[PDB]
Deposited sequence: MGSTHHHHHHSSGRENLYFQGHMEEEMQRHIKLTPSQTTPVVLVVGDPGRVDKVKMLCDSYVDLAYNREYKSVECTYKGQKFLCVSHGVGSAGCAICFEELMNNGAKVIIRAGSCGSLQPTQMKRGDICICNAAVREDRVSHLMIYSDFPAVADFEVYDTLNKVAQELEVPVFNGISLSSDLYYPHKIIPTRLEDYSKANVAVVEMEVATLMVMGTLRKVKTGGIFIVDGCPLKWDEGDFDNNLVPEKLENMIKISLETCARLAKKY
């Protein structure tokens, strides 16, 4: 029965404008508001939670958020921070990537990454460069298990998280070197998520669809749908744990 004035509402996080009660244990982060729309329409139902776009998805009986950045920002580092502030336990980044292995991975193929090269800027503000950007094994394993069950072929490998390629349309100088070092793909911010996750004891992972082959200088609808279905099914499975 004890309700104090000024203590009736939860603390809202500044940018994503969500409270802990609005924040689910599992969160799917995608790259733009349009993609959030694509994802939510593949769910059983959704609730819009109206700079940063947030929707509560229901898929196979489980509730999880789907979040992206909006106009005015370059990525979702702040999203990761605020989601974790609100008690998120699992965050999965899903999006596009460029293939650095032309003879193994072509446009439309799907990569589930276990670790990342930190060319991402933000992670270096958190911890020294020697620290590994690495996925949570359970998230990584679950994504792979789900793909196997859906009979969707995937590749596994290290990703290059670049503050240049997607954000600025700039080819990193070390891109060829990393290809030779067996780096599978290039994306934007999964390394940021991985590192923050480790530092804050939050489980992370990444899944990406190849949109191009940058070193050779529009996705396939079915292939993109497959990547999204893996993401949604994985989020549902993990959500049951909480």
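Engineer: Let me make sure I understand the coverage. Which parts of the deposited sequence, in order from the N-terminal end, have no C-alpha coordinates here?
Structural biologist: Missing CA coords at 1 to 15, 66 to 68, 236 to 242.
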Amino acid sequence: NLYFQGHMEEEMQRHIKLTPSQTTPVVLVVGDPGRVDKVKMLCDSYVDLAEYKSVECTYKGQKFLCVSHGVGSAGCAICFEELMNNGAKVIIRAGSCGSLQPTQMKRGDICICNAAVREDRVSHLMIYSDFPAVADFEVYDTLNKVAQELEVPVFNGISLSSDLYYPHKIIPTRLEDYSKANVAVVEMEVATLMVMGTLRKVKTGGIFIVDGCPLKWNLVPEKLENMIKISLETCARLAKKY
From here on, numbers count along this sequence of modelled residues.
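Engineer: If you average the CA temperature factors as listed in the entry, which stretch comes out higher, 111 to 119 or 141 to 149?
Structural biologist: Higher mean C-alpha B-factor: 141 to 149.
Engineer: Quick one: say whether 31 to 39 or 192 to 200 has the higher mean Cα B-factor in the deposited entry.
Structural biologist: On average, C-alpha B-factors are higher across 31 to 39.
Engineer: Can you pull the Cα B-factors for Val26, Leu215, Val210, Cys66 from the entry and say which is highest?
Structural biologist: Highest C-alpha B-factor among the listed residues goes to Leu215.
Engineer: Hey, out of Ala181, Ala50, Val185, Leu175, whose CA B-factor is highest in the deposited coordinates?
Structural biologist: In this record, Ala50 carries the highest C-alpha B-factor of the candidates.
Engineer: Can you tell me which third, lowest, middle or highest, the CA B-factor of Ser162 falls into for its chain?
Structural biologist: Bottom third by C-alpha B-factor.
Engineer: Quick check for you: using the entry's CA B-factors within this chain, is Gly70 in the lowest, middle or highest third?
Structural biologist: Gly70: CA B-factor falls in the highest third of its chain.
Engineer: Sorting by Cα B-factor within the chain, modelled residues only, which third would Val134 end up in: lowest, middle or highest?
Structural biologist: CA B-factor rank for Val134: lowest third.
Engineer: Report the third (lowest, middle or highest) to which the CA temperature factor of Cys79 belongs, ranking only the modelled residues of the same chain.
Structural biologist: For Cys79, the deposited C-alpha B-factor lands in the middle third.
Engineer: Tell me, lowest, middle or highest third: where does the Cα B factor of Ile91 rank within its chain?
Structural biologist: Tercile = lowest for this residue's CA B-factor.
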